[PDB]
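Okay, so here's the structure we're looking at.
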Amino acid sequence: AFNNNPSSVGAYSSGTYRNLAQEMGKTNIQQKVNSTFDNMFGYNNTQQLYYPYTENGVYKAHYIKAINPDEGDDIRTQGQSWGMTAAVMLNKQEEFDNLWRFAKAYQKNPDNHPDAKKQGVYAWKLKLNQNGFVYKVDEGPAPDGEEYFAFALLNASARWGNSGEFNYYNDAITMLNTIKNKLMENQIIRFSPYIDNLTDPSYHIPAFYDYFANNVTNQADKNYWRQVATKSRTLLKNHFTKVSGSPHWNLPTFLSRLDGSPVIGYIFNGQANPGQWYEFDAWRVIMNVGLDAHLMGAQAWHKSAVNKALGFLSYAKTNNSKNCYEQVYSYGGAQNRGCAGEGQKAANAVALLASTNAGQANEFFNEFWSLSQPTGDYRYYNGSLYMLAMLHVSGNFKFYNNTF
């Protein structure tokens with residue numbers, strides 16, 4: 001049965017990881033987790049997201065391919081970092097190393113880049129040119145990429161040690177330094193080095209910062225990351241307060257001010273969507289809230305955030321001609337951007353780790369569990385989230401501490 005009374009003590013502290021699929025009475029859970037990884041990281045061109053990169057017939061590294069039928073396939077730091085995270089959780093070292101080799105070689109902007117703001121950050125969009133060779137389309141970062149890179153590398157160090165191809169630990173501390181020095185404003189993760197008073201709620205994963213704090217050696221840095229964790233929970237608490245009821249109707253948004261206020265409309269040249277949209281990025285917010293509740297303990301705010309958000313989506317489904325909740329909402333209004341796909345359902349399943357409604361949990365979890373693994377042209381985002389969710393709901397997303 002679903003545990004609708006999630007502990008205020010986190011798995012990180014207790015060592016007790018929930019198996020949500022087991023609570024929900026599912027069988028062959030680990031087999032399904034294993035097959036999900038195998039298909040995503042197998043040469044099947046079906047579920048596959050993990051692809052080798054070669055230069056003049058010489059093998060170099062691997063990348064997560066952001067398949068894009070409209071604008072051409074590209075390569076993203078989010079997908080790369082999520083892929084490494086999945087690999088370390090399942091003890092898949094070659095897959096991890098191949099992805100990390102690619103990121104370090106090809107995504108990393110040089111430390112001596114003429115623009116100080118780009119030094120050591122990871123270029124969010126790469127492509128292969130007409131001759132098949134990799135190049136940077138956009139040198140600007142997507143900062144939750146660096147966050148997951150640091151997280152994955154710290155875990156890789158803890159599981160595998162640092163005497164092989166990579167000193168994972170040194171790579172992780174370097175990544176943490178880059179986040180601190182390039183991607184933060186007053187201990188809140190940035191949307192951009194070039195814009196102040198701006199964050200993306202989906203970049204907030206408070207438990208990661210607590211894990212960072214426990215894996216750095218010096219006192220100042222330990223305190224720094226603990227403060228980032230607290231300020232992140234505050235940001236999310238404030239955001240959820242601000243999106244409660246009218247006019248945002250309980251869904252978190254794409255962009256936020258540092259006080260948690262949703263950004264209204266457009267604010268910068270190049271902006272993909274209005275700030276107040278619950279869209280593709282925003283899907284991840286309650287997933288992160290679920291993560292934080294599981295790993296660091298469920299508090300009143302976690303439960304309220306998820307309960308109200310899932311509450312809205314259930315309501316929105318009843319008022320939809322297609323009997324689905326949709327991928328994009330603004331001010332509680334459907335934006336006609338399609339029925340929820342696998343990624344959104346996946347994110348919402350992970351959110352259940354903070355849910356206190358067994359009925360809600362049954363509906364949202366079964367809708368996720370009944371899905372086939374993403375295939376086809378939209379599988380990059382759907383499939384990446386599906387993989388992460390499969391780990392989260394099977395008790396496989398764990399924090400591996402380094403020893404000092």
Inset, instruction - Determine the dipole magnitude for the chain: charges of +1 sit on the beta-carbon of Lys and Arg, -1 on that of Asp and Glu, nothing else is charged, the reference point is the Cα centre, and the result goes in debye to the nearest 20. - result: 660 debye
Inset, instruction - Express the C-alpha Rg of the range 265-355 as a ratio against the empirical globular expectation 2.2 N^0.38 Å, rounded to two decimals. - result: 1.12
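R0 = 60 Å: FRET efficiency of residue 220 with residue 319, Cβ-based, nearest 0.05?
Rounded to the nearest 0.05, the efficiency is 0.70.
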Legend entry - Ascending count of other beta-carbon atoms within 10 Å, so fewest first, for 375, 27: 27, 375
Legend entry - Neighbourhood charge, 15 Å Cβ-Cβ cut-off, centred on residue 17 and excluding it, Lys, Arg +1 and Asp, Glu -1: 0
Inset, instruction - Just need the relative contact order of the chain here, percent rounded to a whole number, with Cα pairs under 8 Å and 6+ apart. - result: 20 percent
Inset, instruction - Please report the relative contact order for the range 261-389, taking Cα pairs under 8 Å with a sequence separation of at least 6, and give it as a percent rounded to a whole number. - result: 25 percent
Inset, instruction - Could you order peptides 362-370, 314-322 by the average number of other Cβ atoms within 10 Å of their residues, highest first? - result: 362-370, 314-322
Legend entry - Taking 286, 195 and counting other C-beta atoms within 10 Å, the order from fewest to most: 195, 286
Inset, instruction - Calculate the radius of gyration of the Cα atoms of the range 297-404 to one decimal place, then report Dmax, the largest Cα-Cα distance, as a whole number, both in Å. - result: 15.1, 57
Legend entry - FRET E, pair residue 70, residue 375, Förster distance 25 Å, beta-carbon r, rounded to 0.05: 0.90
Inset, instruction - Quickly rank 387-396, 228-237, 330-339 as a protection proxy: mean count of other C-beta atoms within 10 Å, highest first. - result: 387-396, 228-237, 330-339
Legend entry - the range 146-193 - Rg and Dmax from Cα coordinates, angstrom: 11.9, 36
Inset, instruction - Enumerate the amide H contacts of residue 140 below 5 Å, restricted to partners 5 or more residues apart or on another chain; note that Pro and chain-start residues carry no placed amide H. - result: 124
Legend entry - Hz values of 3J(HN,Hα) by residue in the range 227-241 - Karplus curve (6.51, -1.76, 1.60), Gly and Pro given as x: 5, 4, 4, 4, 5, 6, 4, 4, 4, 5, 4, 5, 4, 5, 4
Inset, instruction - Can you give me the three principal axis dimensions of the chain from its C-alpha atoms, in Å, biggest first? - result: 54, 45, 45
Inset, instruction - Whole Å is fine, so just give me how far the alpha carbon centre of the range 2-53 lies from that of the range 260-330. - result: 22 Å
Inset, instruction - Using the Karplus curve 6.51 cos²θ - 1.76 cosθ + 1.60 with θ = phi - 60°, work out ³J(HN,Hα) for each residue of the range 317-326 in order, rounded to whole Hz, and write x for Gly and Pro. - result: 4, 5, 9, 10, 4, 9, 6, 9, 8, 9
Inset, instruction - Using +1 at the Cβ of each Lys and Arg and -1 at the Cβ of each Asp and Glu in the chain, identify which of 121, 300, 40 lies farthest towards the dipole's positive end. - result: 300
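Throughout, read-outs are computed from the coordinates displayed, never taken from laboratory work. Ideal geometry is used to build each Cβ from the backbone, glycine not excepted, and the neighbour counts take in all protein chains shown.
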